[PDB]
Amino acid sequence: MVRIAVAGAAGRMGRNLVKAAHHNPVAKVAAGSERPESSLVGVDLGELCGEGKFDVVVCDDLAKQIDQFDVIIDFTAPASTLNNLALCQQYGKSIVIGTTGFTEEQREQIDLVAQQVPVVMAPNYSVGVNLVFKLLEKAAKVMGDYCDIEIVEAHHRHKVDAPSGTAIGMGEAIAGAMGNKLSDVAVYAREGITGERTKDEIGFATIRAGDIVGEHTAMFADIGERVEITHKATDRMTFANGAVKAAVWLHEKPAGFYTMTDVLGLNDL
């Protein structure tokens, strides 16, 4: 039975994760962390998510609680996540990564450690998004070669990274299905005189507003018609339940880099 450590347990996602893990009857909330400076250190995890007392308190370092957990679920910040990844390599732990805003260099590192450590990494833990990735592949094979491809996303006012990890995942799925690398084609900004659109570019547009949990649209546009595939997230618990499910799934596995497509058995769709 999976013992879970929630990194950054006081965060928007972290609180939902504690709750999701608590109510998943195949998982146990065994540990949680916060920034060393943070005041919420020493607080009961249950009191933090507003559901009684679990007898587990928030720590400033997961290395101190190594004997309590099997898997870390990490929706924090990239530097922090990399530390946890290092911790996993050293102590034989596993990790589910939700954090976004990694540089290309950092993702290379994650891939490397993933050869020794069991890792789930996805930019989105919802079923709908992972379905959408497969749908994008198919749309890209049929329409990609002669159509303009644009990705639009909206998120709440607190999101620190643009474009979102999910939007990038969408671009990668598309580019990958067309035998391309996203970074060869992506355009992340348009200001002033940009000239005519290039044929191959994948454009990204970003909206930051209110409490929007997450909207994503991929557009394939021809002269005379267009196809738009959209996902809208209503509740963070969707992501949280999905990540706890990935952790439960990951507990049974060897080293490797896994996606939610692997967890959900969506690879052949």
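One rule holds for the numbers: they count along the sequence shown, beginning at 1.
> Looking at the deposited entry, does 62-70 or 238-246 carry the larger mean Cα B-factor?
The stretch with the larger mean CA B-factor is 62-70.
> Going by the B-factors listed in the PDB entry, is the mean over the C-alpha atoms higher for 81-89 or for 126-134?
81-89 has the higher mean C-alpha B-factor.
> Highest Cα B-factor in the PDB entry belongs to which of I202, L45, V227, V26?
Of the candidates given, the C-alpha B-factor peaks at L45.
> Highest Cα temperature factor in the entry, among the options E150, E105, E172, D145: which one is it?
Answer, based on the entry's C-alpha B-factors: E105.
> Ordered by C-alpha B-factor within the chain, which third holds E191? Give me lowest, middle or highest, please.
For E191, whose C-alpha B-factor we compare with every modelled residue in the chain, the answer is the middle third.
> If you rank every modelled residue in this chain by C-alpha B factor, which third holds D184: lowest, middle or highest?
Tercile = middle for this residue's CA B-factor.
> Going by what the PDB entry lists, where does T100 fall on CA B-factor within its chain: lowest, middle or highest third?
Answer is middle: the recorded C-alpha B-factor places it there.
> Consider only the C-alpha atoms of the modelled residues in this chain, order them by B-factor as the entry records it, and name the third containing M121: lowest, middle or highest.
It belongs to the middle third of the chain when residues are ordered by C-alpha B-factor.
> For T166, does the deposited CA B-factor place it in the lowest, middle or highest third of the chain?
Answer is lowest: the recorded C-alpha B-factor places it there.
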